[PDB]
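Undergrad: Structure provided below as structure tokens; questions to follow.
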Amino acid sequence: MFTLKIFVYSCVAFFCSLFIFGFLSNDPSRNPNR
Amino acid sequence: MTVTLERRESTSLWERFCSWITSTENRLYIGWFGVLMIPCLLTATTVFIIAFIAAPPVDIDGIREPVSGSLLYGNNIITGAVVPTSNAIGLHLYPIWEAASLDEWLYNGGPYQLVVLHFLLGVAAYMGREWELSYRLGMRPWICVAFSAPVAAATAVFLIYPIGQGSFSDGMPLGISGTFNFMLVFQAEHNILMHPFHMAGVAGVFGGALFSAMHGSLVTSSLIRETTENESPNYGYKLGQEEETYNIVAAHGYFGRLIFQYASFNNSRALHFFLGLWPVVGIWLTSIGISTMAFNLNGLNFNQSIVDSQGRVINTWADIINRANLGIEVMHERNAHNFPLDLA
Amino acid sequence: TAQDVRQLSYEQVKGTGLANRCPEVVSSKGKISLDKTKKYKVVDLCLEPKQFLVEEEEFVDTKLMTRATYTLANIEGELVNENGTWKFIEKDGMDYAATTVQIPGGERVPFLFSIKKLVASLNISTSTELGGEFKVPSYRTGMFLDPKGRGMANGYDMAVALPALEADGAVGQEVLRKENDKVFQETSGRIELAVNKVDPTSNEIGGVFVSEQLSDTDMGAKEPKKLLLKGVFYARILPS
Amino acid sequence: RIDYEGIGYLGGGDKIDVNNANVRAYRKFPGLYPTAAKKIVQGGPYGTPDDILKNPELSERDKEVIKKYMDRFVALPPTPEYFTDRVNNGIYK
Amino acid sequence: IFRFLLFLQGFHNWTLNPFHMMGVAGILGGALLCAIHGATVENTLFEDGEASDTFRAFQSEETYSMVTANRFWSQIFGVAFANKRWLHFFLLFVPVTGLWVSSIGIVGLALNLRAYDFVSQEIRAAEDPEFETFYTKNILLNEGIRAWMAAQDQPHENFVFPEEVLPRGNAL
Amino acid sequence: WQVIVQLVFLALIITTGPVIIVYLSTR
Amino acid sequence: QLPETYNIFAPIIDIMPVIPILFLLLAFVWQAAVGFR
Amino acid sequence: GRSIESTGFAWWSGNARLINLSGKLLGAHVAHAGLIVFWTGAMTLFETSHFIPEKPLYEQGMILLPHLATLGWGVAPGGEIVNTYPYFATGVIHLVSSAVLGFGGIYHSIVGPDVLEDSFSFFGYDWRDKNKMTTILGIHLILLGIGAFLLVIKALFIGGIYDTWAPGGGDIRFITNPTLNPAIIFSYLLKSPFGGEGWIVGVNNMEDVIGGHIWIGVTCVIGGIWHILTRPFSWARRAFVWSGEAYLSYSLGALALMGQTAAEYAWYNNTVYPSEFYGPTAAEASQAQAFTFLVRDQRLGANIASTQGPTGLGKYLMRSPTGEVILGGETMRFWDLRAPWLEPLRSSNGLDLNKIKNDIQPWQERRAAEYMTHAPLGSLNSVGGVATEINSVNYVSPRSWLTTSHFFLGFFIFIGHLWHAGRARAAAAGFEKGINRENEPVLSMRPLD
Ligand code: CLA
Ligand code: CLA
Ligand code: CLA
Ligand code: CLA
Ligand SMILES: CCCCCCCCCCCCCCCC(=O)OC[C@H](COP(=O)(O)OC[C@@H](O)CO)OC(=O)CCCCCCCCCCCCCCC
Ligand SMILES: CC1=C(/C=C/C(C)=C/C=C/C(C)=C/C=C/C=C(C)/C=C/C=C(C)/C=C/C2=C(C)CCCC2(C)C)C(C)(C)CCC1
Ligand SMILES: CC1=C(/C=C/C(C)=C/C=C/C(C)=C/C=C/C=C(C)/C=C/C=C(C)/C=C/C2=C(C)CCCC2(C)C)C(C)(C)CCC1
Ligand SMILES: CC1=C(/C=C/C(C)=C\C=C/C(C)=C/C=C/C=C(C)/C=C/C=C(C)/C=C/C2=C(C)CCCC2(C)C)C(C)(C)CCC1
Ligand code: OEX
Ligand SMILES: [Ca+2]
Ligand SMILES: [Cl-]
Ligand SMILES: [Fe+3]
């Protein structure tokens, strides 16, 4: 049960980090008028 | 130096990743909001399917009386559902790793909580995703607002109402019959029919269907002859063409003669704005109604409002609907109540 | 651990799971005096199961479904020496707990862990042992209703969803008689505690308990199963 | 159960089954509720109605009122179905 | 009208009727189509003016980009419209069909030919007092509705239900 | 008699708005 | 209640909180007076 | 410009004409603040005017007076409203100030200059000027910190605040030793929002409240100084949209979140929202019913710790999933409740059965009766009770009004956030007015299949 918690925590932290740092990578520049 | 910082970062690995994520060349767009959406909706979907088919009965009202919701336990499509988590748990977070076993988890209704949370997350991310693709394709960004209405409804019945009532066991069951149950109990305890916001919602959906049928019939009526007899008139339109496929003036004229001249729209942009606006506002209001009734600000109460000179009550239709409400109230969850007032 | 629990606050215990655990006695020496002339009273009786065995056609191990809501506590009784033999007569307290286990195969076995109306003869030192018989009421009571609105003290008296069945003379809904005639079935499991720790200064006893008992019958619709609970107990001796 | 012979002695009749009826029934006879009814239930069951008066912790007021309504009582065999709910039987209004 | 509603629920189990379900599909689907078409057209508009007020900037030329819309919904939802004529017919068809179907249902109820029960679950529940679904729960709800309102809603019948025969749960 | 006072005050405020608008509409 | 002095100012206060709403409405009046709305 | 031709916006979207007009925009903000303070004063005087001495606040439809009473004005031990004059004082002050802010508003809106960048340089700004914006942000942050310290000062030195947990019933108390320990405060911050946890809504003592405001005061002041004397880093400059509408959208999201949080505070918390003034919570009322009938039936001679309900669970007393002794029935969901009238009966393992049998006080029974009979349930037309209840009691709990209204507000404010954020992006990139017929992106893309 603890290992499952570790797994899920790893996944959540992973995708959350990708989300946050992803949207910080100059997202307004990602448009067809650039 | 203005608003947007127009600049790049030179074929880096992380930049390549960001490029692929935000790629508009993918068959299905996978933005950052999709980086949230895809795993959430996948987990939610897997657990939902598996549970809807093979999950053991769930003690929804915490009174040690498990309700059967899966197909392999005597349900059909109409009666099958994912039973809401136990009232003994309330609003406590109940992940699998907080249970002693998967069996316990299944008994207390963990699947429901998991599915609901993941679904709400993934659907919010779906909304954000609609915005995102709109931005990537150089569109106007207000489709996600329109979609914000249904998200609000889902959030109302799966999260806010459990919060106001103090238990996820009051959340809407993931199933047809369960949904009907939710509706009936809700009527008994909030008199939602007599709530003006629900009336607004009914106006939104009835009106939405009305305007859908109306717009559809009007445009279909004024289609320009581009096709042979007995052939599908749809073949008279080609994807990407610039020429309009119907006589807008003829439609406006018809509508103008149907009611009166100034009742009709001339601006198609205005018309479609209205088409988008009416049901979205309706649903917005109904969602708010479900949440605010989630904090027990119930529908209008006209029970015994009319009295005669002597002081005797003269019933109205509100009193009859109150009789039905009473029926549902006294009959629902027969073994759950120990005290005369239902405050939870 | 009783002093430890006394020192702990509610916010320190709430959620930890300690609230369902029985206190321990850190002493295996000394004896509690018992004048066969004066009357006594066992107070703060707390059993805490650990093992739940359900017999199959030998006892097999199960899985707890209802979490930490199974331990009996604050149960109250008279300790009176009758004709020389020592008798404990249970009265008040939290002397029952509805708990559900799961046997292999998936079948849920609900039962009412009861110690009500316990009469237990005593055979107080670390060799003292407590053994005895007890009443287990019906799992549901009179006002309880089945999914079709049938119960003991209230509800429908027939299968109301089948009016065409209840429409002819003789038979009848006589078939469904077994499910239309709700019965309050008092049974008996039978316990057997067994001490092991005695603190003479604080007059506290504790040690092992075994209990046997009988279990849920769905208001007389199904046959009960034998259940087996293996645990620790705690109590205090207080003069009358 | 489907059939119960002593239903009328549960509050809706002229007489009260002391062994099974709820405390509310004793509201039928002035003086009995709540104290006398409480002591009566707490002291049950009884082989005969008169055994009520054999109960210690009964005041003289209690015994007086109880005699009166002694002519009003019956002692049917105690059935746990109703016996368990002698104080709270899930009925309010 | 609210009374008529709760009446048909309590007496006919109208929510359980598949024709009504098709009706609900028709209405909710209609509102969905209205909203999504409106929003899509409004957000795929061509810049035919300089003002932020895009309403004033409106001919045989399409005022919105069908191709862009198609692309958007294809990448979001997996499937998109491509034919304007088929689209407008579709959002004609869905709600109208809804109405017709529900009407079939109502005729059914005119003859009390209801979709009230699932005999399998009623038999199972009759034999097995531990078996419960949301269907049976709603059946109980219907029974409550019917009693209590029966006395007030049909005064000409002179229905007299003593408070001891009225179905209800504990405490309530 | 309090109701009349309330309705008079109400009338004065309510009218206060449009009067300012009309006054400035002349100039 | 209100202090005995300012007692006489009870009805006016009853209308006091309804004033912001009026301001909202006033906007429309203004617009209609101009030529828009 | 005040026309469609001169601005591009119509009379509805009329307010967008003020985006680049610093003067008139400032006028709009000041006038609006004037409206807020106006309502505060007027409504406070209304509540003081309609108040009746010998009735609880929550029976009279008061939402402002409970705040002042919570702060410790005109309150006797127990929550008795004796002096209703300081309320009148605050109302008057706010009203008159509303006259001042109103004058300033009308001035800067109609009379003064449209652009503050010409005649002035300190009060003028370009939306695209990051430094100026962070400066203003810093100033206002420092102001907020000062306000937090105003609450702290009021509670530490000037009379104190009403403490419902006060040893002797609810009474005003000067917080001698506030909580400055980061472990505790930030333990609130990093805690789950779910049952039994409650995040920051689960604060149950004024020490932690006031200490929290000390921390938030220091944080706001230090942050204000930080933003006044620094410029945004590169990553923030790259990540954010720098325009008025964008900032508006940010503040909108923030205020939506705050709206939801406030609704939850009003609904569950009874420390910052004393039940003596705001009324009981749903949880508190349900628990109050269970308590009430536990007492009634125990007085009728029932051993409640042994009383078996229809289900097999305790009729009056059972266990929580983690072992604690709790009240039975549906209110099993509300076992996380903490109320000053119940905690006397609380032990280490939950409710103390001995204290339940012996030490239940009359005032506790009165509390339970009052609260279960004033549960936050009622209709839109203020008919008290459940939906099936008849017309007799005119009552809707202040908690319901506050929570529902602020959910409404928070919700629509979130909608506004989506709207303005989207339009901010579209306007920044340059396609908020439609798709370029000569530069349609899709036409420059490879087809999907
Ligand atoms: C911090 C608050 C805030 C601020 C400063 C703004 C500011 C602005 N908004 Mg905005 N907005 C907000 C919150 C806010 N919004 C919220 C919460 C929503 C979601 C509902 C929106 C949705 C929104 C839309 C959809 C649009 C704007 C637009 C605009 C711009 C022009 C607004 C205008 O002329 O109003 C004009 C005011 C009116 C026409 C009055 C309408 C009154 C509403 C419909 C009724 C509200 C009911 C009310 C509570 C009481 C009922 C009355 C009853 C008593 C009789 C301006 C920059 C426009 C824009 O993008 O231009 C750039 C635009 O199209 N807003
Ligand atoms: C935070 C806001 C808030 C809250 C929680 C309350 C709460 C309360 N007020 Mg109060 N009030 C407020 C703001 C608020 N008020 C404002 C702004 C004013 C100035 C007009 C007043 C003036 C006022 C008076 C004069 C009185 C109260 C009274 C009351 C009490 C009874 C309320 C009642 O019957 O409501 C009635 C509720 C409604 C009519 C519902 C309103 C409908 C909403 C706005 C939706 C409609 C908008 C629409 C859907 C928007 C379209 C969406 C679009 C964007 C698409 C209650 C404690 C009464 C009392 O007992 O006090 C002692 C009383 O006499 N209030
Ligand atoms: C150092 C410069 C400075 C200072 C001191 C202020 C101060 C203020 N501005 Mg402001 N502003 C500035 C620069 C500054 N601004 C600039 C450069 C701009 C861009 C043009 C603006 C634009 C602006 C707008 C658009 C608005 C303000 C508002 C406000 C007020 C906030 C009231 C409130 O509720 O806060 C929170 C209040 C508290 C936490 C209570 C305590 C606050 C302090 C301790 C005292 C407050 C007393 C009183 C309100 C005024 C005295 C303040 C002064 C002595 C410092 C406050 C008076 C708002 C307002 O309503 O103005 C009246 C508003 O709408 N400002
Ligand atoms: C008044 C509010 C306010 C506002 C609007 C800003 C605005 C800003 N700050 Mg700032 N700041 C403030 C207060 C504020 N600050 C305070 C009070 C402090 C500390 C005293 C700071 C310290 C600070 C530093 C040190 C820096 C900024 C920076 C910035 C800029 C970048 C913002 C950013 O990327 O955020 C995004 C922020 C995050 C992703 C952080 C995540 C927050 C963590 C995870 C804690 C939250 C968890 C919490 C328990 C759960 C919240 C619940 C919620 C999620 C629902 C921006 C202009 C940066 C900048 O550009 O330099 C000037 C920078 O380096 N700020
Ligand atoms: C990560 C992203 C996840 C996205 C979510 C998944 C979306 C899945 C959508 C599937 C659409 C299937 C369309 C088939 C039919 C099909 O292929 O049509 C294709 C059709 C294309 O139309 P054209 O304009 O090309 O037609 C021109 C001529 O052929 C007309 O005759 O699309 C539409 O008509 C629009 C309506 C689709 C909307 C249909 C919604 C139905 C929802 C599903 C209902 C049942 C669910 C049961 C679940 C148990
Ligand atoms: C911009 C604009 C606008 C708006 C405006 C506004 C919003 C304004 C406001 C204003 C204001 C916000 C004002 C205020 C005022 C206030 C006042 C004027 C006050 C007074 C007070 C008094 C008078 C008091 C008295 C008393 C006392 C002293 C105490 C006792 C009682 C009594 C009552 C006696 C509009 C949209 C319309 C349009 C046009 C432009
Ligand atoms: C007073 C008080 C207290 C305290 C409090 C405090 C101390 C608080 C703090 C708080 C805090 C400290 C908060 C914070 C928050 C944060 C947030 C809320 C964040 C947000 C973020 C964002 C919004 C971002 C976004 C983004 C992304 C994610 C992507 C990229 C881009 C961007 C950047 C946009 C206590 C409890 C003791 C008690 C009660 C009272
Ligand atoms: C503080 C105070 C005061 C002041 C007051 C005030 C400030 C007032 C204001 C008032 C106002 C501020 C008013 C306003 C009003 C407004 C109005 C009255 C408007 C409108 C109405 C209507 C009815 C409209 C309608 C319409 C139009 C025309 C357009 C759209 C459509 C419709 C049809 C909706 C005095 C001196 C008494 C002294 C004592 C205290
Ligand atoms: O859980 Mn589902 O439904 Ca809301 O109310 Mn109380 O809890 Mn139960 O009764 Mn009625
Ligand atoms: Ca031994
Ligand atoms: Cl209950
Ligand atoms: Fe169209």
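Methodologically, a virtual Cβ is constructed for each residue, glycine included, from the backbone with ideal geometry; neighbour enumeration extends over all protein chains shown. What follows draws every value from the coordinates through simple rules; no lab data is involved.
Undergrad: Go through the residues of region C:179-193 one by one and say whether even a single one is within 14 Å of chain E (Cβ to nearest Cβ), acidic (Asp, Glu) and more than 16 Å from ligand 11 (Cβ to nearest atom).
TA: Yes.
Undergrad: Continuing with this model, one more query. Restrict the check to region H:364-371 and report whether at least one residue is over 30 Å from H:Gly301 (Cα atoms) and out of contact with any strand residue (DSSP E or B) (no Cβ under 9 Å at 6 or more places or on another chain). Working first, answer last.
TA: Taking region H:364-371 first, the residues over 30 Å from H:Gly301 (Cα atoms) are none.
Taking every residue of region H:364-371 in turn, none turns out to be over 30 Å from H:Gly301 (Cα atoms) and out of contact with any strand residue (DSSP E or B) (no Cβ under 9 Å at 6 or more places or on another chain).
Undergrad: Is one or more of the residues making up region E:87-100 surrounded by fewer than 21 Cβ atoms within 10 Å (Cβ to Cβ), more than 7 Å from chain B (Cβ to nearest Cβ) and in contact with a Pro (Cβ under 7 Å, 6 or more places away or on another chain)? Don't jump to the end; show me each part of the working.
TA: Taking region E:87-100 first, the residues surrounded by fewer than 21 Cβ atoms within 10 Å (Cβ to Cβ) are E:89-90, E:93, E:96-97, E:99-100.
In the following step, the residues that additionally are more than 7 Å from chain B (Cβ to nearest Cβ) were identified as E:90, E:93, E:97, E:99-100.
Checking the rest, the ones that are also in contact with a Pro (Cβ under 7 Å, 6 or more places away or on another chain) come to none.
No, because not a single residue in region E:87-100 is surrounded by fewer than 21 Cβ atoms within 10 Å (Cβ to Cβ), more than 7 Å from chain B (Cβ to nearest Cβ) and in contact with a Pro (Cβ under 7 Å, 6 or more places away or on another chain).
Undergrad: Given (1) crowded, with 19+ Cβ neighbours inside 10 Å; (2) within 20 Å of E:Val67 (Cβ to Cβ); (3) more than 7 Å from every other protein chain (Cβ to nearest Cβ), where does H:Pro447 come up short, assuming only one miss?
TA: Failed condition: (1).
Undergrad: For region H:171-198, which positions are aromatic (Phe, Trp, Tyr), surrounded by 16 or more Cβ atoms within 10 Å (Cβ to Cβ) and in a loop (DSSP other than H, G, I, E, B)?
TA: Keep residues of region H:171-198 that are aromatic (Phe, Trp, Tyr), which gives H:174, H:186, H:188, H:194.
Of the ones still in play, those that are also surrounded by 16 or more Cβ atoms within 10 Å (Cβ to Cβ) are H:188, H:194.
Once the filter is applied, which keeps residues that are aromatic (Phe, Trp, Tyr), surrounded by 16 or more Cβ atoms within 10 Å (Cβ to Cβ) and in a loop (DSSP other than H, G, I, E, B), region H:171-198 yields only H:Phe194.
Undergrad: Now, a different point. Could you tell me which residue of region H:111-169 is nearest to ligand 10 (Cβ to nearest atom), considering only residues that are within 14 Å of another protein chain (Cβ to nearest Cβ) and surrounded by 17 or more Cβ atoms within 10 Å (Cβ to Cβ)? Break it down into steps so the answer makes sense when it comes.
TA: At the first step, the residues of region H:111-169 found to be within 14 Å of another protein chain (Cβ to nearest Cβ) are H:111, H:126-133, H:165.
Okay, now just the ones that are also surrounded by 17 or more Cβ atoms within 10 Å (Cβ to Cβ), so H:127, H:133, H:165.
Details: H:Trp127: 83, H:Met133: 78, H:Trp165: 47 Å.
The residue in question is H:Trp165.
Undergrad: Among (1) in contact with a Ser or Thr (Cβ under 9 Å, 6 or more places away or on another chain); (2) surrounded by fewer than 23 Cβ atoms within 10 Å (Cβ to Cβ), there is one condition H:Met332 misses while meeting the rest; what is its number?
TA: (2)
Undergrad: Right, next: Just for region H:5-47: of the residues that are more than 22 Å from the chain's Cα centre (by Cα), buried (at least 18 other Cβ atoms within 10 Å of the Cβ) and among the β-branched types (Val, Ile, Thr), which one is nearest to the other protein chains (Cβ to nearest Cβ)?
TA: H:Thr7
Undergrad: Something else now. Of everything in region C:88-106, what is closer than 25 Å to C:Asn123 by Cα and more than 9 Å from every other protein chain (Cβ to nearest Cβ)? Give them in sequence order.
TA: Within region C:88-106, C:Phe88, C:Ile89, C:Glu90 meet the criteria.
Undergrad: Regarding H:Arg237, is this residue more than 16 Å from ligand 12 (Cβ to nearest atom) and within 14 Å of chain A (Cβ to nearest Cβ)?
TA: Working: more than 16 Å from ligand 12 (Cβ to nearest atom): yes; within 14 Å of chain A (Cβ to nearest Cβ): yes.
For H:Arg237, the condition - more than 16 Å from ligand 12 (Cβ to nearest atom) and within 14 Å of chain A (Cβ to nearest Cβ) - is met.
Undergrad: Follow-up question, since we're still on this one. Scan region B:89-112 residue by residue and report those that are in a loop (DSSP other than H, G, I, E, B) and surrounded by fewer than 20 Cβ atoms within 10 Å (Cβ to Cβ).
TA: So the first thing to find is which residues in region B:89-112 are in a loop (DSSP other than H, G, I, E, B), and the list is B:89-95, B:99-101, B:109.
Answer for region B:89-112, where residues must be in a loop (DSSP other than H, G, I, E, B) and surrounded by fewer than 20 Cβ atoms within 10 Å (Cβ to Cβ): B:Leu93, B:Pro95, B:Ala99, B:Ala100, B:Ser101.
Undergrad: Just need a number here: residues in region H:269-291 that are of a type in the set (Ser, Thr, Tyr) and facing another protein chain (nearest Cβ under 9 Å).
TA: Filtering region H:269-291 for residues of a type in the set (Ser, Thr, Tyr) gives H:271, H:273, H:275, H:278, H:281, H:286.
Cutting the leftovers down to facing another protein chain (nearest Cβ under 9 Å) gives us H:286.
The qualifying residues number 1.
Here's the yes/no breakdown for (1) within 11 Å of chain H (Cβ to nearest Cβ); (2) away from ligand 7 (no atom under 16 Å from the Cβ); (3) among the small types (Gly, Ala, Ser); (4) not in a helix (DSSP H, G or I):
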| position | (1), (2), (3), (4) |
| --- | --- |
| B:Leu117 | yes, yes, no, no |
| B:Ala125 | no, no, yes, no |
| B:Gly128 | yes, no, yes, no |
| B:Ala152 | yes, yes, yes, no |
| B:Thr155 | yes, yes, no, no |
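Undergrad: Could you please find all residues in region B:1-41 being of a type in the set (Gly, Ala, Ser) and either farther than 23 Å from H:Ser444 by Cα or part of a loop (DSSP other than H, G, I, E, B) (or both)? It would help to see each step written out before you state the result.
TA: Residues of region B:1-41 of a type in the set (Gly, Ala, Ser): B:10, B:12, B:19, B:23, B:31, B:34.
Correct list: B:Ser10, B:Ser12, B:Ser23, B:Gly31, B:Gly34.
Undergrad: Let me ask something else about it. Looking only at region H:355-381, which residues are surrounded by fewer than 23 Cβ atoms within 10 Å (Cβ to Cβ), facing another protein chain (nearest Cβ under 7 Å) and either at positive phi or of a type in the set (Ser, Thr, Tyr) (or both)?
TA: Selection gives nothing.
Undergrad: May I ask you to say which residue of C:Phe144, C:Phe233 is within 18 Å of C:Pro110 (Cα to Cα) and surrounded by 15 or more Cβ atoms within 10 Å (Cβ to Cβ)? Give the derivation first.
TA: Numbers: C:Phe233 fails: within 18 Å of C:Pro110 (Cα to Cα).
From the options C:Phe144, C:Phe233, the qualifying one is C:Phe144.
Undergrad: Also: Please go through region B:46-75 and give me each residue that is part of a loop (DSSP other than H, G, I, E, B) and within 14 Å of chain H (Cβ to nearest Cβ), ordered by number. Can you show your working first?
TA: The initial filter retains those residues of region B:46-75 that are part of a loop (DSSP other than H, G, I, E, B), namely B:55-57, B:59-66, B:68-70, B:74-75.
B:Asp59, B:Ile60, B:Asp61, B:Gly62, B:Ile63, B:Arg64, B:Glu65, B:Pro66 - these are the residues of region B:46-75 that are part of a loop (DSSP other than H, G, I, E, B) and within 14 Å of chain H (Cβ to nearest Cβ).
Undergrad: Under 30 Å from B:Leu72 (Cα atoms) and in contact with a helix residue (DSSP H, G or I) (Cβ under 8 Å, 6 or more places away or on another chain): is that true of B:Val3 in this structure? Reasoning before the result, please.
TA: Numbers: under 30 Å from B:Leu72 (Cα atoms): no; in contact with a helix residue (DSSP H, G or I) (Cβ under 8 Å, 6 or more places away or on another chain): yes.
So B:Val3 does not fit the description; no.
Undergrad: So, one more: From B:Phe339, B:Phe273, grab the single residue that is more than 16 Å from ligand 3 (Cβ to nearest atom), in a loop (DSSP other than H, G, I, E, B) and of a type outside the set (D, E, K, R). Spell out how you get there, then give the answer.
TA: On the way: B:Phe273 fails: in a loop (DSSP other than H, G, I, E, B).
Answer to the selection: B:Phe339.
Undergrad: Kindly indicate which of B:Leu271, B:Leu343, B:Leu285, B:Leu300 is away from ligand 11 (no atom under 16 Å from the Cβ) and either more than 30 Å from E:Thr63 (Cβ to Cβ) or more than 25 Å from the chain's Cα centre (by Cα) (or both). I'd like the intermediate steps shown before the answer.
TA: Numbers: B:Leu271 fails: either more than 30 Å from E:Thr63 (Cβ to Cβ) or more than 25 Å from the chain's Cα centre (by Cα) (or both); B:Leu343 fails: away from ligand 11 (no atom under 16 Å from the Cβ); B:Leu285 fails: either more than 30 Å from E:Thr63 (Cβ to Cβ) or more than 25 Å from the chain's Cα centre (by Cα) (or both).
When all the criteria are applied, what remains is B:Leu300.
Undergrad: Mind listing whichever residues of region H:135-151 are within 18 Å of the chain's Cα centre (by Cα) and closer than 14 Å to H:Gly211 by Cβ?
TA: H:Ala148, H:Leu151
Undergrad: Would you mind telling me which numbered condition in (1) more than 16 Å from ligand 9 (Cβ to nearest atom); (2) more than 14 Å from chain C (Cβ to nearest Cβ); (3) among the acidic types (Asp, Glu) H:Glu330 fails?
TA: Looking at each condition in turn, H:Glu330 falls short on (1).
Undergrad: Can you name the condition, by its number, that E:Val165 falls short on among (1) within 29 Å of the chain's Cα centre (by Cα); (2) of a type in the set (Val, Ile, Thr); (3) more than 7 Å from every other protein chain (Cβ to nearest Cβ)?
TA: Going through the list (1) within 29 Å of the chain's Cα centre (by Cα); (2) of a type in the set (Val, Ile, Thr); (3) more than 7 Å from every other protein chain (Cβ to nearest Cβ), E:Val165 breaks only (1).
Undergrad: Oh, and also: So which of H:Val75, H:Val92, H:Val111 is within 25 Å of the chain's Cα centre (by Cα), of a type in the set (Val, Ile, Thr), away from ligand 3 (no atom under 13 Å from the Cβ) and farther than 22 Å from H:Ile175 by Cβ?
TA: Values: H:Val75 fails: farther than 22 Å from H:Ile175 by Cβ; H:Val111 fails: within 25 Å of the chain's Cα centre (by Cα).
Of the residues listed, the single one that is within 25 Å of the chain's Cα centre (by Cα), of a type in the set (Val, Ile, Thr), away from ligand 3 (no atom under 13 Å from the Cβ) and farther than 22 Å from H:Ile175 by Cβ is H:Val92.
Undergrad: If you don't mind, there's one more thing I want to ask. Of all residues in region H:266-289, how many are within 13 Å of H:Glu365 (Cβ to Cβ) and of a type in the set (A, V, I, L, M, F, W, C)? So that I can check it myself, show each step before the final result.
TA: So in region H:266-289, the residues within 13 Å of H:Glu365 (Cβ to Cβ) come out as H:288-289.
After this cut, where a residue has to be of a type in the set (A, V, I, L, M, F, W, C) as well, the list is H:288.
Going through region H:266-289 one residue at a time, the tally reaches 1.
Undergrad: Test H:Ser405 against the criterion of being assigned to a helix (DSSP H, G or I), out of contact with any strand residue (DSSP E or B) (no Cβ under 7 Å at 6 or more places or on another chain) and more than 7 Å from chain B (Cβ to nearest Cβ), and give yes or no. Spell out how you get there, then give the answer.
TA: On the way: assigned to a helix (DSSP H, G or I): yes; out of contact with any strand residue (DSSP E or B) (no Cβ under 7 Å at 6 or more places or on another chain): yes; more than 7 Å from chain B (Cβ to nearest Cβ): yes.
In short, yes.
Undergrad: Could I ask something else about it? Give the residues of region H:323-353 that are farther than 24 Å from C:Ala2 by Cα and basic (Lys, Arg), sorted by residue number.
TA: H:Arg333, H:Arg338
Undergrad: While we're looking at this one, here's another question. Output the residues belonging to region E:148-172 that are among the aliphatic types (A, V, I, L, M) and under 19 Å from C:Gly151 (Cα atoms). It would help to see each step written out before you state the result.
TA: First pass over region E:148-172, keeping only residues among the aliphatic types (A, V, I, L, M): E:149-151, E:160, E:165-166, E:171-172.
Selection gives E:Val165, E:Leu166, E:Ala171, E:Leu172.
Undergrad: A further question on this structure: Would you point out the residue of region C:193-216, among those that are under 16 Å from the mean Cα position of the chain (by Cα) and among the polar types (S, T, N, Q), that is farthest from ligand 12 (Cβ to nearest atom)?
TA: Among those that are under 16 Å from the mean Cα position of the chain (by Cα) and among the polar types (S, T, N, Q), it is C:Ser211.
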